[PDB]
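K.L.:
One structure, as structure tokens, below. Some questions next.
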Amino acid sequence: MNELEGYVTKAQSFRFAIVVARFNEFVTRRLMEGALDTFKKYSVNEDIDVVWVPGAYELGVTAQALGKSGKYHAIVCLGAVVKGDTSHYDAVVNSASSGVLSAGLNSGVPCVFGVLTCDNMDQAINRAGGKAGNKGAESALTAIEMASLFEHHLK
Amino acid sequence: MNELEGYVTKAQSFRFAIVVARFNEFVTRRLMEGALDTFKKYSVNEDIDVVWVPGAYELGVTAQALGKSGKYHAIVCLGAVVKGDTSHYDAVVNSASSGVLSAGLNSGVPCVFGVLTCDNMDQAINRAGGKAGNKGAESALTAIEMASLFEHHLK
Amino acid sequence: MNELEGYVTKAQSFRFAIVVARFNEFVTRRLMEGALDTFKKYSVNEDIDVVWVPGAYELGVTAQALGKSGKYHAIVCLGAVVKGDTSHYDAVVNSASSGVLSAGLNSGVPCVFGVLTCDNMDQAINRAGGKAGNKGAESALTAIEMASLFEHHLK
Amino acid sequence: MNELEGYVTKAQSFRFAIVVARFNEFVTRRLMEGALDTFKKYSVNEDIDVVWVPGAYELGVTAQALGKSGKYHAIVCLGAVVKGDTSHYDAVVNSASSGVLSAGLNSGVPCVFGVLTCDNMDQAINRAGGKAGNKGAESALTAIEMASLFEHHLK
Amino acid sequence: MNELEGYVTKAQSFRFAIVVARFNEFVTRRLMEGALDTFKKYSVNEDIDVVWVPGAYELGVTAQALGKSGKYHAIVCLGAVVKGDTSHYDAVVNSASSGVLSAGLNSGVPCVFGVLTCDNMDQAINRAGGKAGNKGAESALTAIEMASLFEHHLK
Amino acid sequence: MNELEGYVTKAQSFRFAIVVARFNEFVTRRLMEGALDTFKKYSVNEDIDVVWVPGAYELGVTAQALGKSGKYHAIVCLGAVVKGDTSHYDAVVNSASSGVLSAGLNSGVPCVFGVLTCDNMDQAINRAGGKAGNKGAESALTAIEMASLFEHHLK
Amino acid sequence: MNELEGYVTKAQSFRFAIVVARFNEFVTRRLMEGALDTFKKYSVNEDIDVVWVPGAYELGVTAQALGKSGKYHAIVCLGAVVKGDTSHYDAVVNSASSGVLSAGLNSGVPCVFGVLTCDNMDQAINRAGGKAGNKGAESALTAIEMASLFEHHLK
Ligand SMILES: O=Nc1c(NC[C@H](O)[C@H](O)[C@H](O)CO)[nH]c(=O)[nH]c1=O
Ligand SMILES: O=Nc1c(NC[C@H](O)[C@H](O)[C@H](O)CO)[nH]c(=O)[nH]c1=O
Ligand SMILES: O=Nc1c(NC[C@H](O)[C@H](O)[C@H](O)CO)[nH]c(=O)[nH]c1=O
Ligand SMILES: O=Nc1c(NC[C@H](O)[C@H](O)[C@H](O)CO)[nH]c(=O)[nH]c1=O
Ligand SMILES: O=Nc1c(NC[C@H](O)[C@H](O)[C@H](O)CO)[nH]c(=O)[nH]c1=O
Ligand SMILES: O=Nc1c(NC[C@H](O)[C@H](O)[C@H](O)CO)[nH]c(=O)[nH]c1=O
Ligand SMILES: O=Nc1c(NC[C@H](O)[C@H](O)[C@H](O)CO)[nH]c(=O)[nH]c1=O
């Protein structure tokens with residue numbers, strides 16, 4: 001019993017990267033803006049890199065890279081894939097999810113899965129600062145905590 | 001806040017490869033033609049390699065190879081698997097998707113998932129230059145952006 | 001058989017103007033932001049003029065003017081008229097459409113009809129960077145192509 | 001990116017004309033009174049000309065004239081055609097709309113389409129200062145903005 | 001009673017231009033190919049100019065231009081606008097139609113309205129060389145006849 | 001644009017291996033016989049190794065091995081898992097699919113997924129030389145093409 | 001435009017007080033524990049006073065007092081009133097709400113309304129650290145922000 005929890009207060013010193021898919025920009029832009037804001041709100045400053053990728057599928061390798069560059073402590077990946085029609089949804093969703101996972105694992109760097117996978121657009125709108133909160137921001141906050149966790153727990 | 005976005009304008013200098021499955025040729029051919037056209041339309045010239053594989057399943061390794069050959073900056077994989085009957089659809093779809101993912105990750109080279117996974121043929125027709133746009137073309141464009149992103153962001 | 005197509009690559013040298021209606025701002029703002037972004041994304045730079053008009057009806061004359069000023073090569077008109085209730089929808093929609101048409105014809109300058117005419121707000125949201133893409137951006141891109149077409153084909 | 005927007009504050013110096021159809025006077029009178037009031041409310045003073053025409057159909061030429069007289073900077077046309085029975089509604093509605101459009105285009109002078117085209121009387125009542133606001137006033141305001149836009153943007 | 005009919009046999013000597021919208025390319029390409037083929041099939045040779053415009057809306061001015069260039073005897077405009085969802089369909093369809101009309105009238109040069117306006121994609125597929133024939137080809141043939149008519153009837 | 005396609009004609013010189021699961025032998029036997037036949041039909045001769053494994057699950061490692069033995073150019077895996085009752089179907093199906101995938105990737109050797117995943121026995125019967133063709137044969141043909149592709153494209 | 005926002009980072013220096021109603025302890029306890037934790041989590045330290053009152057009704061005066069004591073910068077009030085049966089729910093709910101409001105206003109000290117007013121117990125459970133987050137924690141965080149806001153904005 002020794003609660004090794006991350007610290008949300010010791011931000012500023014860290015370096016983060018946001019990776020966002022342009023798809024469903026209407027939401028993602030917001031999502032991102034949210035994450036961004038949260039960072040600053042949490043005193044962090046090293047002017048976080050935001051990498052734009054066209055689609056959620058992309059998140060995987062992109063994070064992969066950024067992670068392996070050892071330049072950041074945590075990368076948060078944002079995207080939104082609304083269940084529009086076909087299983088294509090699934091396809092992407094899986095790849096997206098899987099990718100981010102693999103990235104984090106392989107890089108040994110926390111990669112935050114801040115991608116919406118709701119059915120209809122509306123639900124999404126809510127996760128992007130609606131009555132459902134803002135995944136973007138949450139993700140950022142998480143990025144912080146994780147990073148911090150890593151340099152406090154380390155082992 | 002330093003928007004590291006790819007460049008669609010600085011094409012020409014790059015080397016790409018398209019990998020297409022012959023299955024559902026009626027659509028794939030189109031799909032490919034689209035990607036191809038887009039490349040040229042975007043001033044790129046190194047006469048892109050188009051690799052034909054019989055089925056979407058194949059995409060995985062094929063890309064895998066091309067990717068590891070270090071010869072291309074981005075490989076776009078095209079295919080179309082229409083929900084014809086059985087879970088076979090799923091089987092393929094997953095493998096297809098997973099493969100392309102793995103390829104991109106392992107190769108560290110962007111592999112574009114330009115494969116249709118609609119239910120009926122008609123929906124597909126639409127993604128192949130119908131009122132739903134043209135995934136082929138979109139994929140190409142994406143290939144570009146990703147490649148470019150990699151040599152601008154790099155780290 | 002001599003494919004006289006426009007060029008999306010030779011942007012920068014051209015001068016464009018966006019005309020947007022404030023009505024349904026929630027969408028139009030986005031729409032516009034999209035077109036704008038696309039311009040820059042396509043290396044164009046002469047800091048495009050954005051003209052705000054209260055309603056889509058206005059587009060007509062406004063474009064008319066800008067067009068006749070011979071200052072721009074293509075003007076893109078953005079607006080969104082959602083089928084809220086009465087035939088008023090039609091009224092506007094027609095006038096809007098007709099206006100933009102007339103403008104283009106009379107001015108001999110491509111005036112892009114980038115105005116949404118969906119029924120419900122939601123559909124619109126989708127055309128403004130949702131799973132339906134972004135008409136704004138599309139329109140911009142088109143503006144480019146058309147302008148370019150005109151100085152390559154000319155006759 | 002140079003937001004060329006009109007100015008609602010620099011009114012007074014301008015000259016406007018309202019053209020109203022006597023038909024459905026119960027509403028139009030109001031409508032007009034609204035536009036009028038708004039003008040004064042917006043410090044404008046050159047005692048705006050209000051031209052009465054029996055029916056909305058008339059708006060066309062009447063505006064046409066006023067516009068070509070070069071005396072006004074913007075003419076706002078008011079009328080209300082409630083879907084009472086037959087396609088006559090359409091007939092008028094179209095002509096009305098079309099007319100105002102043509103006027104504006106031909107005259108190069110902003111002609112505001114401040115004519116209601118609701119189905120039932122009640123809906124109209126609402127657009128004439130009901131819970132739906134007041135088209136008349138809106139129209140006036142718009143007239144202002146358009147005029148102003150023209151002498152600030154001009155080209 | 002003096003049947004002034006055009007001649008489909010005296011082609012070759014004439015100069016034509018095809019204008020096609022990229023939208024719904026899947027069909028338009030075909031449509032065009034059809035028109036093209038027909039021309040050659042009808043011994044015509046001056047290697048017809050094919051002008052690509054992104055959307056049917058564009059047809060108007062584009063034709064307008066080509067027509068006024070006095071270089072061609074007849075311009076055939078191809079496009080296809082499938083009733084996908086909203087009245088947007090109408091908007092476009094009208095503008096498209098109207099444009100081509102205006103062009104022909106203003107230019108005094110026959111502009112063939114070879115644009116499909118079916119509801120579903122499938123119907124279109126049929127007009128593009130299906131059991132419904134090929135509008136593209138038909139349009140070409142018509143272009144010929146009209147041109148010829150003009151130089152035989154003239155007055 | 002340089003179509004790097006495999007060759008079905010240059011077979012004979014290559015070495016292949018078929019791996020078949022005994023489960024649902026009634027179909028698999030056929031399936032295999034089909035693949036086999038096709039090979040010979042395509043002039044190949046090095047008397048292809050056929051490896052029997054009890055169940056489709058097994059395919060994975062088995063192929064894995066054969067692949068890594070570097071002895072063959074392509075291994076085709078055959079099996080059939082009919083949706084008899086429980087998710088067990090899925091379990092197997094996934095493992096089967098995944099296995100073959102992994103094999104191909106890890107070995108860098110094309111491993112053909114020639115395993116049926118239909119619901120009822122009958123559908124299968126059809127894929128095994130019924131009105132649905134013969135997956136076995138198709139798979140063989142594919143094995144060929146892939147192998148060939150690898151030594152023609154290589155890089 | 002000068003965004004006067006509170007600071008979540010500059011906590012520690014402040015003094016807060018939590019007031020919780022014992023009713024529905026099963027939830028409130030949690031609720032409180034949450035708020036508490038958050039405080040610490042946000043580096044605050046002056047060992048926050050937690051005042052227990054039997055029912056939500058009490059919150060009013062209790063806060064009233066604490067607020068007027070000028071000892072704390074923000075008091076967060078926690079409670080939960082589940083719509084068990086009668087309008088009694090309302091009665092309490094109103095008084096509770098109203099009280100906290102009045103307190104905040106009269107004291108000029110931010111009093112956070114961290115009281116659940118869901119219908120069934122279950123919904124509550126969710127707000128108390130379930131998939132609905134934790135109102136308690138949120139309230140604390142807010143307390144912080146408000147306090148901070150007051151000493152940064154002040155006027
Ligand atoms: O398609 N739907 C979506 C999408 N595109 C798929 C993918 O990300 C990619 O761009 C190309 O498929 C191949 O690389 N991307 C999203 O972020 N959300 C979606 O809902
Ligand atoms: O079967 N349907 C499809 C398909 N074939 C499956 C697979 O790609 C492969 O060729 C062999 O199964 C063994 O590897 N490939 C597609 O691209 N789309 C389909 O809709
Ligand atoms: O009224 N609805 C709409 C609207 N106003 C009508 C018109 O554009 C104009 O502003 C004045 O009518 C004078 O003509 N403008 C829109 O862009 N969308 C609508 O949905
Ligand atoms: O008829 N109904 C209407 C009407 N009259 C039609 C028209 O303007 C004209 O007076 C004569 O048709 C011939 O010029 N005018 C309206 O403003 N609203 C109506 O509801
Ligand atoms: O939107 N739907 C369609 C479309 N786009 C509209 C237009 O052609 C144009 O490109 C811009 O609107 C403004 O210039 N064009 C079509 O050929 N079919 C459609 O079904
Ligand atoms: O159970 N049904 C099936 C099956 N058995 C499962 C598996 O292949 C394996 O033999 C053992 O599970 C673990 O090695 N194998 C098939 O080829 N088809 C089936 O339809
Ligand atoms: O009674 N129900 C509730 C309650 N007690 C009522 C009230 O707070 C008070 O204690 C006395 O009524 C009068 O002072 N307090 C709650 O947090 N939830 C309830 O659902």
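By order of appearance in the structure tokens: chains A, B, ..., then residues from 1 within every chain, and ligands from 1 in the order shown.
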Report as a VMD selection string all protein, DNA and RNA residues lying within 10 Å of segment 121-123 of chain C, evaluated on only C-alpha atoms, omitting residues in the same chain fewer than 5 positions from it.

P.N.:
(chain A and resid 121 to 122) or (chain C and resid 24 26 to 27 80 to 84 116 128 130 to 132) or (chain E and resid 85 to 86)

K.L.:
Could you save the residues just selected, with N, CA and C atoms, as an mmCIF file, in the first residue's frame?

P.N.:
```cif
data_model
loop_
_atom_site.group_PDB
_atom_site.id
_atom_site.type_symbol
_atom_site.label_atom_id
_atom_site.label_comp_id
_atom_site.auth_asym_id
_atom_site.auth_seq_id
_atom_site.Cartn_x
_atom_site.Cartn_y
_atom_site.Cartn_z
ATOM 1 N N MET A 121 -23.487 11.659 -34.991
ATOM 2 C CA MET A 121 -22.751 12.909 -34.844
ATOM 3 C C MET A 121 -23.071 13.602 -33.537
ATOM 4 N N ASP A 122 -24.361 13.728 -33.262
ATOM 5 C CA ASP A 122 -24.810 14.396 -32.057
ATOM 6 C C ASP A 122 -24.130 13.921 -30.781
ATOM 7 N N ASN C 24 -27.196 31.401 -40.186
ATOM 8 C CA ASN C 24 -26.763 30.039 -39.869
ATOM 9 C C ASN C 24 -25.272 30.035 -39.674
ATOM 10 N N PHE C 26 -23.429 29.491 -37.398
ATOM 11 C CA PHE C 26 -22.883 28.315 -36.745
ATOM 12 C C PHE C 26 -22.236 27.374 -37.740
ATOM 13 N N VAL C 27 -22.797 27.351 -38.928
ATOM 14 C CA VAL C 27 -22.282 26.491 -39.952
ATOM 15 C C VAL C 27 -21.409 27.270 -40.918
ATOM 16 N N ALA C 80 -25.751 28.807 -46.090
ATOM 17 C CA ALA C 80 -26.461 27.597 -45.752
ATOM 18 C C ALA C 80 -27.892 27.964 -45.458
ATOM 19 N N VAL C 81 -28.812 27.328 -46.159
ATOM 20 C CA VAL C 81 -30.220 27.581 -45.939
ATOM 21 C C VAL C 81 -30.866 26.233 -45.667
ATOM 22 N N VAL C 82 -31.150 26.003 -44.394
ATOM 23 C CA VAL C 82 -31.760 24.761 -43.955
ATOM 24 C C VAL C 82 -33.254 24.856 -44.105
ATOM 25 N N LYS C 83 -33.853 23.780 -44.598
ATOM 26 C CA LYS C 83 -35.293 23.735 -44.766
ATOM 27 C C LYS C 83 -35.919 23.742 -43.367
ATOM 28 N N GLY C 84 -36.062 24.957 -42.828
ATOM 29 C CA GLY C 84 -36.644 25.146 -41.515
ATOM 30 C C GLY C 84 -38.147 24.896 -41.485
ATOM 31 N N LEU C 116 -25.049 25.399 -48.714
ATOM 32 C CA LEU C 116 -25.783 24.221 -48.307
ATOM 33 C C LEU C 116 -27.259 24.434 -48.393
ATOM 34 N N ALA C 128 -20.422 20.541 -43.350
ATOM 35 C CA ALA C 128 -19.465 21.518 -42.869
ATOM 36 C C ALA C 128 -18.344 20.865 -42.072
ATOM 37 N N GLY C 130 -18.176 17.363 -41.472
ATOM 38 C CA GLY C 130 -18.669 16.181 -40.781
ATOM 39 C C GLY C 130 -18.339 14.995 -41.652
ATOM 40 N N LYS C 131 -19.062 13.895 -41.494
ATOM 41 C CA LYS C 131 -18.764 12.722 -42.314
ATOM 42 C C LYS C 131 -19.128 12.937 -43.775
ATOM 43 N N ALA C 132 -19.650 14.114 -44.085
ATOM 44 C CA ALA C 132 -20.052 14.428 -45.439
ATOM 45 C C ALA C 132 -19.018 15.315 -46.088
ATOM 46 N N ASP E 85 -29.859 13.343 -51.865
ATOM 47 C CA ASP E 85 -30.626 13.657 -50.659
ATOM 48 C C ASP E 85 -31.567 14.886 -50.759
ATOM 49 N N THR E 86 -31.019 16.044 -50.359
ATOM 50 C CA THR E 86 -31.708 17.351 -50.292
ATOM 51 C C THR E 86 -32.104 18.061 -51.609
#
```

K.L.:
With only C-alpha atoms as the counted atoms, please give the residues lying no more than 8 Å from segment 35-51 of chain E, apart from itself and same-chain residues fewer than 5 positions off, as a list in words.

P.N.:
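Contacts, in chain order: residues 1, 2, 3, 4 and 5 of chain C; 8, 9, 11, 12, 13, 14, 15, 16, 17, 18, 19, 20, 136, 137, 138, 139, 140 and 141 of chain E.
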
K.L.:
Expressed in Å to a single decimal, how great is the separation between atom CA of residue 64 of chain B and atom CA of residue 101 of chain B?

P.N.:
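Separation of atom CA of residue 64 of chain B and atom CA of residue 101 of chain B: 9.7 Å.
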
K.L.:
Name the residues, by chain letter and number, that sit within 9 Å of ligand 1 using only C-alpha atoms and all ligand atoms, and give them as a PyMOL selection string.

P.N.:
(chain A and resi 20-25+28+53-59+78-84+88-89+91-93+95-96+115-117) or (chain B and resi 76-78+100-101+110-116+135+138-139+142-143) or (chain C and resi 130-131)

K.L.:
Would you work out the distance separating atom CA of residue 109 of chain A from atom CA of residue 73 of chain A, expressed in Å to one decimal?

P.N.:
6.5 Å
